[PDB]
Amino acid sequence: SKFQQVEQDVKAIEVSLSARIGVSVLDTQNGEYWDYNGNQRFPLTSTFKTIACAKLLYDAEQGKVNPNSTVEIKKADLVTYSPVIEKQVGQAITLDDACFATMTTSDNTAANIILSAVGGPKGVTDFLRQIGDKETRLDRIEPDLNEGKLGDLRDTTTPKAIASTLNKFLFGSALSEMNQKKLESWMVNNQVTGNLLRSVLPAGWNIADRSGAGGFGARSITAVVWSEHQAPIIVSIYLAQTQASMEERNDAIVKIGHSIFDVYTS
């Protein structure tokens, strides 16, 4: 009812882009929550990277791996779109650095590194199960995980499932406060999402975010927004199976974000 307008904006976009669109919104202050197609499956694309760097930090707390330990970059390890790591062939990087890279620029080689240090796609999925995400699953590394094929279960989440997961990572007790704060910073210091929700963020609000794009037009973001008076709100927006232009898909996300934000500013 509160989110009626959001719903109409979503329905319009779903028509104009001939797409599948999924949205979920969690208000942490009270326990209000809203979804459109919140149970449908969409490809994670790069929205997954949050989960693997939350694993790294968790697994470090348990003493199973050192984030100041360095991996060595070989030319043949490189995949499409690795700005940070392609500058460093024949140098070593701290996993800590590699998470900074993949969370802030979405460097894909850096993501593959992080994945190898936390038990692969199966490690990430097991982890999700242990915090009580029952839907989200990683199955492949970069770049094939972006394939985004219809009816393919691999590398998918639901808007609601990942919104809950992100809720628990940042505000639940799975992680130490310091490590929650680190993960927050990675997401707050994201450099590659100014064209999405940040571009419609109310003045003075904060935002921690992670976005995704891939195949058959998949486009998504998962974000936390908060402010002096507004307790954390978790937003999860996934598009898929569209031929819209990236620009059209980005436009869809900032319209939906603005409606969502409007709910909480009037």
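Note that residue numbering follows the sequence shown and begins at 1.
Visitor: Taking only the CA atoms, which stretch has the higher mean B-factor in the record, 219-227 or 60-68?
Guide: Stretch with the greater average CA B-factor: 60-68.
Visitor: Given the B-factors recorded for C-alpha atoms, which segment has the greater mean, 188-196 or 118-126?
Guide: Per the deposited B-factors, the answer is 118-126.
Visitor: Quick one: which of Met103, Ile162, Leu138, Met178 has the biggest Cα B-factor according to the entry?
Guide: The listed residue with the largest C-alpha B-factor is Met178.
Visitor: From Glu142, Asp107, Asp77, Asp155, pick the one with the largest CA B-factor in the entry?
Guide: When the deposited C-alpha B-factors of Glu142, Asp107, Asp77, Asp155 are compared, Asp77 is largest.
Visitor: Compare the C-alpha B factor of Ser211 with those of the other modelled residues in its chain, then answer lowest, middle or highest third.
Guide: It falls in the bottom third of the chain.
Visitor: Among the chain's modelled residues, which third holds the C-alpha B-factor of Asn112?
Guide: Tercile = middle for this residue's CA B-factor.
Visitor: Which third of the chain holds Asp251 when residues are ordered by C-alpha B factor: lowest, middle or highest?
Guide: It falls in the bottom third of the chain.
Visitor: Sorting by Cα B-factor within the chain, modelled residues only, which third would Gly38 end up in: lowest, middle or highest?
Guide: Ranked within chain, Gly38 CA B lands in the lowest tercile.
Visitor: Within this chain's modelled residues, let me know which third the CA B factor of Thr47 belongs to: lowest, middle or highest.
Guide: It falls in the bottom third of the chain.
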